[PDB]
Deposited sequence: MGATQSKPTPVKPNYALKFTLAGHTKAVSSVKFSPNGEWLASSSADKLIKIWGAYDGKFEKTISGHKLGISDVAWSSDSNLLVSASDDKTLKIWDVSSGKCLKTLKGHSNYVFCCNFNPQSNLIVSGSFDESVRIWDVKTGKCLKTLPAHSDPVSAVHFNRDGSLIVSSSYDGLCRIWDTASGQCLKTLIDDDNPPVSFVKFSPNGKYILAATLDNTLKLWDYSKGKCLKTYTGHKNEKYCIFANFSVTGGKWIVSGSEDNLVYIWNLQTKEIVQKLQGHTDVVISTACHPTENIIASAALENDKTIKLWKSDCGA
């Protein structure tokens, strides 16, 4: 009925606010990015520090894994993304074209494409092999807070401070849907793993589950604090079905997906929990916090 997530490891190393944490698809590794301009790789199960990857000229707001767990892409205030070979630590490509901070990024499931969102208000689609920008979408009228591919890579969902979520055809770049509620800034969005929903965060302390085909809100989740930061949210589906999110009161919130009831509040961080990630095969949550904390935490549950 309720999970029992408990703190197992605290990962210290970044010297500035952590921005994003992500588990590799194969479940072996955790990648973290930070305002200290570094990417760090840790063991997903024991939190053991593995290596530091560097190269960006300014700090990093997001990092994301390719489907084979070999490549990373990062989004930086230096207006570029970088594609990394994790095993070598090498920067393979630097993706140039955005005219302002790059804020969010993701590979498609095939991992031949990368999608990025920027303060320049555009979404760009990049070729992984060549590093070339294939399409620039005039996606929003304000910073783009999140971008994500669906299960088969045919769709992209984007969110922005303009208050909109938009669904894009990957192949043509056509906007297929604009989601409009009864218009607070949208600070995060992603497709559900089964592909039938998107989960959207807005800066009015609200998470919303949408049927993006019907353009209808199914569930809402509240009780947490989120008015200032683009905090990652997740579907947890390895055990029970939960929604997981960070919060500006320093807690990790966990909701029952169906009933919308808060089932757990994880205490430990000493600053805003900017990022949470759910492990692909096991009941494990990674969380990370901002400047006054700078640590990453691994929590484990029996369901």
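- Residues 1-10, 193, 315-316 of the deposited sequence have no C-alpha coordinates in the model.
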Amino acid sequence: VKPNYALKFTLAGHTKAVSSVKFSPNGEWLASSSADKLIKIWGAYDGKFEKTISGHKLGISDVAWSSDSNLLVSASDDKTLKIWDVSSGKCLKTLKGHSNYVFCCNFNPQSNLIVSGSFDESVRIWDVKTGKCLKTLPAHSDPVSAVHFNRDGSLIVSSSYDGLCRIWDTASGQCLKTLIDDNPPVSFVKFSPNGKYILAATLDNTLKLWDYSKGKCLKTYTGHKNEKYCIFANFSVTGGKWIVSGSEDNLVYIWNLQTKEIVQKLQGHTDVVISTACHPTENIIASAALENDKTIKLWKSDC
From here on, numbers count along this sequence of modelled residues.
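- The mean C-alpha temperature factor is higher for 193-201 when 193-201 and 161-169 are set side by side.
- Two stretches are in play, 254-262 and 65-73, and the higher mean C-alpha B-factor belongs to 254-262.
- When the C-alpha B-factors of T80, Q110, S116, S187 are ranked from the entry, the top spot goes to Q110.
- Of the candidates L155, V147, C230, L134, the deposited coordinates give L134 the top C-alpha B factor.
- When the CA B factors of the chain's modelled residues are split into thirds, the value for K57 lands in the middle one.
- Among all modelled residues in this chain, the alpha-carbon of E50 has a temperature factor (C-alpha) in the middle third.
- In this PDB entry, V272 carries a Cα temperature factor that places it within the lowest third of its chain's modelled residues.
- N106: CA B factor lies in the lowest third for its chain, per the PDB record.
- Per-chain ranking of the deposited C-alpha B factor places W126 in the middle third.
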